[PDB]
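Counting neighbours? That spans all protein chains shown, and the Cβs are built from the backbone with ideal geometry, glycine included. Each value in this text was obtained by applying a stated rule to the coordinates, not by laboratory testing.
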Amino acid sequence: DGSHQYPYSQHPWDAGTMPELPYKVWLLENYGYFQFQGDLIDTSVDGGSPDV
Amino acid sequence: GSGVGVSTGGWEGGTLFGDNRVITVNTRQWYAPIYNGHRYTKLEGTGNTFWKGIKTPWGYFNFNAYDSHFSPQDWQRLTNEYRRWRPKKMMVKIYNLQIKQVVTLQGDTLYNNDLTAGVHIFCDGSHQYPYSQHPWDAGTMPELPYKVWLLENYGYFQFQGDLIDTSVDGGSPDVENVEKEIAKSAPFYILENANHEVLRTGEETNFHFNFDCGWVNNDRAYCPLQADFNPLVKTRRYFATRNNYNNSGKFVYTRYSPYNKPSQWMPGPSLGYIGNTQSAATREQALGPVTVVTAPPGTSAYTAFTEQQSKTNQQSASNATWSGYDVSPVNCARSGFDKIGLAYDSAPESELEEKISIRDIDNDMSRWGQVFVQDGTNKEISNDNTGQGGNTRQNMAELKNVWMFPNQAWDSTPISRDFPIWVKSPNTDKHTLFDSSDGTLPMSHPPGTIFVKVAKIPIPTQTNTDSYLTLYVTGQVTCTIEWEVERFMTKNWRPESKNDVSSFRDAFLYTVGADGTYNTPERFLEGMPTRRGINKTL
């Protein structure tokens with residue numbers, strides 16, 4: 001993704017970078033991304049009727 | 001060259017009859033006042049009607065009638081000499097503009113000419129603004145070239161009063177309330193969004209338009225659709241007859257008479273509903289053969305209940321007249337009901353006498369009086385073999401309501417001199433066959449409506465409230481339409497019926513009286529209808 005059209009969830013200071021030892025095998029990291037904030041969806045979100 | 005003191009044009013008029021083309025030039029003297037005080041205001045019908053819309057500070061040229069374009073003789077010579085006609089291209093020219101100011105210096109009112117006052121003129125060719133012009137409106141171009149023509153105030157439908165009614169309170173948004181949504185999604189149009197010209201006394205403008213439309217047929221069929229055949233030859237077809245009136249029976253076949261032959265040509269569509277005549281005193285309720293209540297699924301129109309079969313809101317037939325809009329005439333190809341649907345007056349703004357004219361005379365035999373359907377034997381079949389007949393049965397019945405069906409052929413209504421020329425075809429996705437029971441020619445894009453308002457000149461006020469200068473515009477408009485015509489040709493030996501005046505009941509007609517009152521026809525024949533004598537081999 002060169003345009004960064006998908007969430008860039010990579011953080012500095014993550015343990016999944018390229019190994020420093022060239023002879024160690026490198027297991028790629030599972031990708032995932034933030035979506036919503038648990039306590040900002042919390043109150044009165046019941047789907048009984050739309051609340052605009 | 002140009003300026004305040006040279007005229008932009010001159011009076012053009014007359015007509016040119018030709019083999020392939022007729023060109024009718026007409027000029028009128030018009031004036032537009034200040035409409036509604038230079039403001040858009042919500043238009044609500046008094047009485048019981050749910051029609052609601054906008055009243056606009058604008059006025060418009062309505063060129064749609066025949067009698068405005070043709071004189072009585074130009075019409076007569078048109079209908080007598082030509083088989084069919086349609087418009088090709090129209091050209092309107094608005095010129096010799098004059099803007100006058102109305103000032104009251106004393107008890108008297110004096111009219112003095114204010115130069116440097118503009119007039120807004122806007123032709124909507126794309127129909128981006130609501131086309132609210134209706135055929136059968138009293139605001140068309142005058143038939144008398146010497147009468148001055150007051151343009152009509154423009155306004156348009158916005159929302160339906162009983163479809164905004166229920167629970168529309170603005171306390172909180174209701175997104176599931178559908179009537180709340182109709183009011184939200186109803187449009188509001190302003191003609192100041194559009195590019196348009198502002199003219200002064202020295203300036204002029206003109207507009208061209210190219211019609212794409214069907215024809216207007218002036219010839220009649222002398223023969224019923226089903227009556228055209230040769231009795232001298234015997235037909236090859238037989239008709240079935242049940243014999244013994246029981247289960248053991250079978251059809252026995254015998255040849256048609258040479259004088260009675262079956263046909264493949266059905267009667268054109270019709271609806272046998274004559275409209276409501278109950279002596280109802282309310283003019284704004286729907287009195288018409290077919291009244292149509294438009295309500296979206298979730299809406300409740302006027303007083304509505306839920307049909308428990310479908311669980312949908314429906315209305316009683318009495319309440320529907322409140323909520324609905326009639327369509328007339330629906331008779332279409334039935335000429336028996338010609339007298340029902342159309343009744344109209346020629347005389348505009350005349351409180352003297354009604355002079356209501358109704359279309360009585362149609363001699364065209366391609367339009368049918370009645371249709372009868374006969375479904376079998378006159379006596380119910382006995383369930384046993386042998387036995388004699390059974391309970392009596394209704395063999396024949398009148399078909400009142402004839403819908404569209406394959407192999408239908410008919411002719412449109414004969415039109416009088418004073419009818420509308422065209423009608424706006426809706427911008428809907430789907431359309432069926434175009435046949436108008438008022439004879440109009442529906443067009444996708446008819447001539448664009450020309451709007452006129454008078455430029456607003458403010459008056460400074462201490463209170464800062466809106467105060468405008470009182471002034472109006474008068475001018476001259478020349479409408480020139482080019483008509484595509486077809487001269488008839490026939491091998492008929494006998495003379496045709498030509499719309500002579502000798503058949504008129506009133507001797508003094510189409511002429512002014514002692515006080516200047518122009519005498520107009522109160523009857524449909526005196527309006528010189530089409531489809532009179534010219535015979536059309538079926």
Being on the phi > 0 side of the Ramachandran plot and in contact with a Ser or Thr (Cβ under 8 Å, 6 or more places away or on another chain) is the filter here; which residues of region B:251-287 pass it?
B:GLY275
Given the condition β-branched (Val, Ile, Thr) and touching a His at 6+ places or on another chain (Cβ under 8 Å), answer yes or no: does some residue in region B:416-432 qualify?
yes
Is it the case that region A:35-47 has a residue that's within 14 Å of another protein chain (Cβ to nearest Cβ) and either under 30 Å from B:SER172 (Cβ atoms) or out of contact with any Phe, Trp or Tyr (no Cβ under 6 Å at 6 or more places or on another chain) (or both)?
yes
For strands (runs of 3 or more DSSP E) lying entirely in region B:227-344, having 1 or more residues that are within 29 Å of B:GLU526 (Cα to Cα) picks out B:325-327
Looking only at residues in region B:133-192 that are surrounded by 16 or more Cβ atoms within 10 Å (Cβ to Cβ) and among the β-branched types (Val, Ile, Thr), which one is farthest from the other protein chains (Cβ to nearest Cβ)?
B:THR140
Single residue of B:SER335, B:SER310 found to be hydroxyl-bearing (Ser, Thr, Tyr) and either farther than 29 Å from B:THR140 by Cα or surrounded by fewer than 20 Cβ atoms within 10 Å (Cβ to Cβ) (or both)
B:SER310
Of all residues in region A:7-52 being surrounded by 10 or more Cβ atoms within 10 Å (Cβ to Cβ) and among the small types (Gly, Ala, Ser), which is nearest to the chain's Cα centre (by Cα)?
A:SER9
Restricted to region B:104-129 and to residues being in contact (Cβ under 8 Å) with a residue 12 or more places away in the chain and hydroxyl-bearing (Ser, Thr, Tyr), the residue surrounded by the most Cβ atoms within 10 Å (Cβ to Cβ) is B:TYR129
Per the filter on region B:453-483, residues surrounded by fewer than 17 Cβ atoms within 10 Å (Cβ to Cβ) and charged (D, E, K, R) are B:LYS456, B:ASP466
Consider B:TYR95 carefully, then state whether it is surrounded by fewer than 21 Cβ atoms within 10 Å (Cβ to Cβ), at negative phi and part of a strand (DSSP E or B).
yes
Checking B:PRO57 against (1) touching a helix residue (DSSP H, G or I) at 6+ places or on another chain (Cβ under 9 Å); (2) in a helix (DSSP H, G or I), only one condition comes out false. Which one?
(2)
Tell me whether region B:143-153 contains one or more residues that are within 20 Å of B:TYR472 (Cα to Cα), in contact (Cβ under 8 Å) with a residue 24 or more places away in the chain and acidic (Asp, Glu).
yes
